[PDB]
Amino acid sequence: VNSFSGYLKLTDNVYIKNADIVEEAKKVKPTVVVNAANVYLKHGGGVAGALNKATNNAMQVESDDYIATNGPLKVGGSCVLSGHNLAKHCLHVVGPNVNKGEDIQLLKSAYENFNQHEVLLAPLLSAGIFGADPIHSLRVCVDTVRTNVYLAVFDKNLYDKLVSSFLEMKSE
């Protein structure tokens, strides 16, 4: 369906909305929802816990089965699994965990995976539990992704700070 509404257009292909990503997925029924994951697909808190909780833990069982068969992901890597009741597909992407000293440059590698999908509902990778600057995560997204990406930012204060930062980045 991909029926997105109420987004602010930042560039030709990046959009942003002050919204919860699970509530957006339930309203839009997208082809692809992005999970901000770790390499073992152990869905803890933040976006990963929210999506898994909305699938009634189905996402975790599937991920456990995927990892057992295939082994862990690499940082900057991804895998496509079921979106369960939220989306057709879920793209699990691993941003660098800068809190564990992983290389912030792998955020470029992480967002590159979006380019295999016509349209995506996504969060800001690495910007929460993994400790990257949200503004920096938005910049890499804008500089790296060429396909259609609708970003869900649930916190209204972060959203307002992100837009103001983006305007500053664009005019300077």
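Rigid core here is just the name for the largest C-alpha set that superposes within 1.5 Å across the two forms. So that there is no doubt, residue numbering starts at 1 and follows the sequence shown.
Each structure in 8 other deposited structures of this protein is fitted to the shown form on the rigid core, and of 9-17 and 158-166 the C-alphas lie farther away on average for 158-166. The rigid core fit leaves 39-47 as the farther-lying stretch in 8 other deposited structures of this protein, judged by Cα positions and set against 106-114 and 39-47.
Sort the modelled residues of the chain by CA B factor and residue 52 lands in the middle third. Residue 44 sits in the highest third of its chain by CA B factor, as recorded in the PDB entry.
Sort the chain's modelled residues by C-alpha temperature factor and residue 160 lands in the middle third, per the entry. Residue-level temperature factors show residue 132 in the middle third of its chain, judged at the C-alpha atom.
Ranked within its chain, residue 11 lands in the highest third, by CA B factor from the PDB record.
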